[PDB]
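Novice: To kick things off, part of the complex as it is:
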Amino acid sequence: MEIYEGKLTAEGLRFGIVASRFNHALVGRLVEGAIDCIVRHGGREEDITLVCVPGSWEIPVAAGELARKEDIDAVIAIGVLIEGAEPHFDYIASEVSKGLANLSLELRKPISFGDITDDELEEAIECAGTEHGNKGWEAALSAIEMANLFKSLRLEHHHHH
Amino acid sequence: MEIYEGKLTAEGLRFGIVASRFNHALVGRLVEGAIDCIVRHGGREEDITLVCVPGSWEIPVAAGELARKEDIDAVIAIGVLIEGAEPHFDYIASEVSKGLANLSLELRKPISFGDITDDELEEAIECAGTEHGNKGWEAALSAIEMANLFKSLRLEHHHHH
């Protein structure tokens, strides 16, 4: 049987990061954690492409362009939703969840979810200190595994050629 | 500033693995943990050199050989010490720690400590089937980071020459 998955090497890969700037105290935390696991897993940072946006709403629209550049292999979602504004949390979080979903299925490119849905800002003051449970860290890793996967999937597509 | 830190790509490295066979219900579990983090951090699995021995006692006399090979860049300590005979847990666990340490200083070669000090066997059974808590995975990681750090130390020496 033929198995496919990705090792976690960030070698030869160019990454995408989008991030809100609502609640930037904790977003500072997540951006770091992602960028680390990139670079410390071999990634060079000159090809990480990073976009800020105002609020959670605009995360889709931006990622949509980011994934459409040829040279961005995977794109890392980053946004923060604490239960501040409830209609905007149920509708916008499910609409971004879905929105990202369609972007990937359509564009044929992995998009990770580094979106901290903290019911309680008390969970946010826990990781803003020093804890490594850094959702940016780990969603960044999943993006690498996908990245090397579709690098591995489509490489066996075009080298067998 | 000159900063040296370990990046986690196991690319091009040849690992040393030393294993006890006392309590192998869980040692088989740990060695898996090490090999996985190894290859799934980009290292190849043909250049892993694995050795087993009766009990934790000969762990040192083992690695003393493996580390003297020029083509093994790091040695991973593996064993399980469950509190079986207190003469053997206080004195042998202390001799493992002290013994492996002196090898490392002496050969100038990173040796990792994957020894599980569990108080009983039921904790050993729990960790081999309920969580990724896998001390082998992690001693496998620290030797990777040391492998690139020392290959960063001595190679920043050798090419700058």
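Specialist: All right, it came through fine. Numbers count the residues shown, from 1 in each chain, chains lettered A, B, ... in the order given.
Novice: can you give me the helices in chain A?
Specialist: Here chain A has its helices, by DSSP state H, at A:24-40, A:59-66, A:87-107, A:121-127, A:135-158.
Novice: who wins for proximity to chain B among those helices?
Specialist: Comparing the helices of chain A by their distance to chain B (CB to the nearest CB), the top pick is helix A:24-40, with 5.2 Å. Using the backbone N, CA and C atoms, a C-beta is placed for each residue, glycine as well.
Novice: Is any residue of that closest one near chain B?
Specialist: Yes: using CB under 8 Å from any CB of the partner chain, we find that helix A:24-40 touches chain B at A:39-40.
Novice: Format the helices of chain A as TSV; extra columns: distance to residue B:62 and mean neighbour count.
Specialist: Output for these, formatted as TSV (distance: least, CB to CB, whole Å; neighbours: other CB atoms under 10 Å in any protein chain shown):
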stretch	distance to residue B:62	mean neighbour count
helix A:24-40	31	19
helix A:59-66	51	19
helix A:87-107	48	14
helix A:121-127	41	14
helix A:135-158	33	19
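Novice: number of nearby residues for residue A:130?
Specialist: Using other CB atoms under 10 Å in any protein chain shown, residue A:130 has 7 neighbouring residues.
Novice: Now it: phi and psi?
Specialist: Per-residue torsions, residue A:130: phi -140, psi 0 (degrees, to the nearest 10).
Novice: distance of it from residue B:2?
Specialist: According to CB to CB, to the nearest Å, residue A:130 and residue B:2 sit 25 Å apart.
Novice: same thing with residue A:131?
Specialist: 29 Å.
Novice: Comparing the two, which residue is more hemmed in?
Specialist: Set residue A:131 next to residue B:2 and count neighbours by other CB under 10 Å: residue A:131 wins out with 9 against 4.
Novice: in the sheet, who's paired with the spatially most central residue of chain A?
Specialist: Among the residues of chain A, the one closest to the centroid is residue A:76, at 1.8 Å (CA atoms, centre = their mean). Residue A:76 has these beta-bridge partners by DSSP bridges: residue A:17, residue A:112.
Novice: throw chain C on there as well:
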Amino acid sequence: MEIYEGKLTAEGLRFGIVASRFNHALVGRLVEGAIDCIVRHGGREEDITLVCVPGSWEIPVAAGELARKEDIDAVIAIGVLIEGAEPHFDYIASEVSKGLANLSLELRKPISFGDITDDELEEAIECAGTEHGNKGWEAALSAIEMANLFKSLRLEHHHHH
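Specialist: Placed with the earlier chains, chain C looks like this:
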């Protein structure tokens, strides 16, 4: 009479700093203090050599490398050990105490002990702000004196020649 001592100038000198990343909450604070004393007490930071590692275990093996390079005059050992796991604070801390010791005596090179043994994060914060008690600050001072002292030993050796 002939008396040898060392002033507190960091001029003409190249230092080593070894850093663990366990409990990094406090490590940021102490390496900061350490680099404060060097550059403020006459040193330029261009020859401060900073090597980082996982946990307290790997401290020795690193400094032993920093001491085998010709142009590192003193190495500032820095890490935090907190009473987590009694197996690891007793045996690992004395193995650091001893391991560093026999390093310097063998290599004939001063290595100082900036290892804060604390029981609470609050004991770390107290020492981080302004209480002039950053123990890395002091370890940086002691090593400066030893560096200029050994520069005073070795230079009064080669100049009288």
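Novice: back to the neighbour count of residue A:130, now that we've got chain C?
Specialist: Neighbours of residue A:130 (other CB under 10 Å): 14.
Novice: So it is in contact with residue C:24, correct?
Specialist: Yes: counting by CB atoms under 8 Å, residue A:130 touches residue C:24, with 6.2 Å between them.
Novice: rewinding a little: contacting residues around the residue nearest to the centre of chain A?
Specialist: A:15-18, A:34, A:111-112, A:114, A:136, A:139-140, A:143 (CB atoms under 8 Å, 6 or more residues apart in numbering or on different chains).
Novice: What residues does chain A have near chain C?
Specialist: Going by CB under 8 Å from any CB, the residues of chain A near chain C are A:129-130.
Novice: Which single one of the contacts of residue A:76 is nearest to chain C?
Specialist: Within the contacts of residue A:76, distances to chain C taken as CB to the nearest CB reach their minimum at residue A:136, with 16.7 Å.
Novice: The closest one - nearest residue in space that isn't next to it in sequence?
Specialist: In space, residue A:136 comes closest to residue A:30 once its chain neighbours are excluded; the distance is 3.3 Å by CB to CB, 6 or more residues apart in numbering or on different chains.
Novice: From chain C, how far out is that neighbour?
Specialist: Residue A:30 sits at a distance of 17 Å from chain C (criterion: CB to the nearest CB, to the nearest Å).
Novice: residues in contact with that residue?
Specialist: Taking CB under 8 Å, 6+ apart as the test, what residue A:30 contacts is A:19, A:78, A:80, A:114, A:116, A:134-136.
Novice: at 7 Å instead, please
Specialist: By CB atoms under 7 Å, 6 or more residues apart in numbering or on different chains, the residues touching residue A:30 are A:78, A:114, A:116, A:134-136.
Novice: what do you get for residue A:60?
Specialist: Contacts for residue A:60 were tallied using CB under 7 Å, 6+ apart; they are A:96, A:99-100, A:103.
Novice: For the residue in chain A that chain C sits nearest to, give its distance to chain B.
Specialist: Closest contact between chain A and chain C, by CB to the nearest CB, is at residue A:130 (4.3 Å). As judged by CB to the nearest CB, residue A:130 and chain B stand 18 Å apart.
Novice: here's chain D, drop it on:
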Amino acid sequence: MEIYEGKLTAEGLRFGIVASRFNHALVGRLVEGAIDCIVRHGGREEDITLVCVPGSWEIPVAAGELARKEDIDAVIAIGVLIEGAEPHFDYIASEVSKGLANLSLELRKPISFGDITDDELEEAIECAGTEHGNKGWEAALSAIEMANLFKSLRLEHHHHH
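Specialist: That brings us to chain D, laid onto the chains above:
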């Protein structure tokens, strides 16, 4: 991947047996146990080398010579530490354990602890009969295992060269 472990046939091998002559009441039972499994796991007994000495103290210095012969492959250790004299029991048992440990690392030649640490004459007699626990028996077994493991080690290096 390459695996090394250890088979139990003692053929082609030449052993070292070092033994105290204090408490020889139970020592007679172990010496027989040792040469029992050697001859009985295929070894001939003409190449067994038996050195007797005063008390558990002289154990190391003797083994030091036995391992320094080319045609002695493994040095099985035989001594009894019954709680007679407590300063001699803690200080000399840990110093035998340590002194042996360093001997094996230094000479890169396997050494086995066939030393029965008993608090009573009752525990000494029980296992010295036929209850599967004649510590000389397992000492000689693990020693054969490291003999074929090391001959598997260095002979897999020297023959693959």
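Novice: Take the neighbour count of residue A:130 again, chain D included.
Specialist: Other residues near residue A:130 number 14, with proximity taken as other CB under 10 Å.
Novice: Without its sequence neighbours, what residue ends up closest to it?
Specialist: Leaving aside its chain neighbours, residue A:130 sits nearest to residue C:25 (4.3 Å; criterion: CB to CB, 6+ apart).
Novice: roughly how far apart are that neighbour and residue C:35?
Specialist: For residue C:25, the distance to residue C:35 (CB to CB) stands at 18 Å.
Novice: Who has more neighbours out of those two?
Specialist: Taking other CB under 10 Å, residue C:25 and residue C:35 do not tie; residue C:35 has more neighbours (21 against 15).
Novice: Next, the contact list for that one, please.
Specialist: Contacts for residue C:35 (CB under 7 Å, 6+ apart) come out as C:45, C:48.
Novice: Could you rerun that using 6 Å?
Specialist: By CB atoms under 6 Å, 6 or more residues apart in numbering or on different chains, no residues touch residue C:35.
Novice: go on, the one 10 residues further on?
Specialist: Applying CB under 6 Å, 6+ apart, one finds that residue C:45 lies in contact with residue C:39.
Novice: In stretch A:42-54, which residues are buried?
Specialist: A:42-43, A:47-48, A:50-51, A:53 (16 or more other CB atoms under 10 Å in any protein chain shown).
Novice: need those residues in TSV with distance to residue C:152, can you?
Specialist: Shown next, in TSV, are these (distance: CB to CB, whole Å):
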residue	distance to residue C:152
A:42	45
A:43	47
A:47	50
A:48	49
A:50	51
A:51	57
A:53	60
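Novice: Report the two of those separated the most.
Specialist: Largest separation among these by CB to CB: A:42 and A:53, giving 28.2 Å.
Novice: in chain A, what residue is nearest chain D?
Specialist: Closest point on chain A to chain D, by CB to the nearest CB, is residue A:7, at 17.1 Å.
Novice: so that residue touches residue B:42, yeah?
Specialist: Yes: using CB atoms under 6 Å, residue A:7 is in contact with residue B:42, at 4.9 Å.
Novice: got any residues that touch both of the two?
Specialist: Between them, residue A:7 and residue B:42 share no contacting residue under CB under 6 Å, 6+ apart.
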